[PDB]
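Listed in order, the protein sequences are those of chains m and U. Read left to right, the first sequence gives residues 297 to 326, 337 to 345 (the authors' numbering). Numbering-wise (the authors' numbering), the second sequence opens with residue 100 and increments by one. All remarks here apply to the structure that follows.
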Amino acid sequence: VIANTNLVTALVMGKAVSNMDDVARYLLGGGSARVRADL
Amino acid sequence: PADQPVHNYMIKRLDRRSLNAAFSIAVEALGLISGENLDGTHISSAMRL
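Quick look at the structure:
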């Protein structure tokens, strides 16, 4: 989901990135189941 | 010749007018205000505002 960092760029700029949060953090310093199948 | 006093009565009628002004608003904002075209996102409210 786009949230709190891609939000502003998607709104004003026009682009968005999947992991923009980690990019920004880097440029500045900062359940299972069991089914029946055949193997 | 002498003169007697004079009296008189009179009436004035009103004049009537009116004003006007339009205020048209859009359909997208109408549906975004009520919630009819809302969404569960972080991008809907950003435009409802």
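Don't be surprised by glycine CBs; every beta carbon is placed ideally from N, CA and C.
Practice task
Give a yes or no on whether the minimum CB-CB distance between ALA128 (chain U) and chain m is below 8 Å.
Solution key: Within the second sequence, the letter at position 29 stands for residue 128 (chain U). Not closer than 8 Å to any Cβ of chain m, the Cβ of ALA128 (chain U) fails to qualify, so no.
Handout entry: Proximal chain m residues relative to residue 48 (chain U), where beta-carbon distance stays under 9 Å
Key = The requested residue 48 (chain U) does not occur in the structure, where chain U is confined to residues 100 to 148.
Exercise for the section: Could you work out which residue in U:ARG147, U:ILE142 and U:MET146 is closest to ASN300 (chain m) when comparing CA atoms only? Expected result: What you label residue 300 (chain m) is simply residue 4 of the first sequence in a count that begins at 1. The residue with the shortest Cα to Cα distance from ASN300 (chain m) is U:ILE142.
Exercise for the section: Could you tell me if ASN107 (chain U) is buried or exposed, where buried requires 16 or more neighbouring beta carbons within 10 angstroms of its beta carbon? Expected result: As a working note, residue 107 (chain U) is residue 8 in the second sequence. Under this definition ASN107 (chain U) is an exposed residue.
Problem - Chain-ordered neighbours of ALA145 (chain U) on chain m, where CB pairs are closer than 8 Å - result: Here residue 145 (chain U) corresponds to residue number 46 of the second sequence, with the count starting at 1. Per Cβ cutoff of 8 Å: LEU303 and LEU307.
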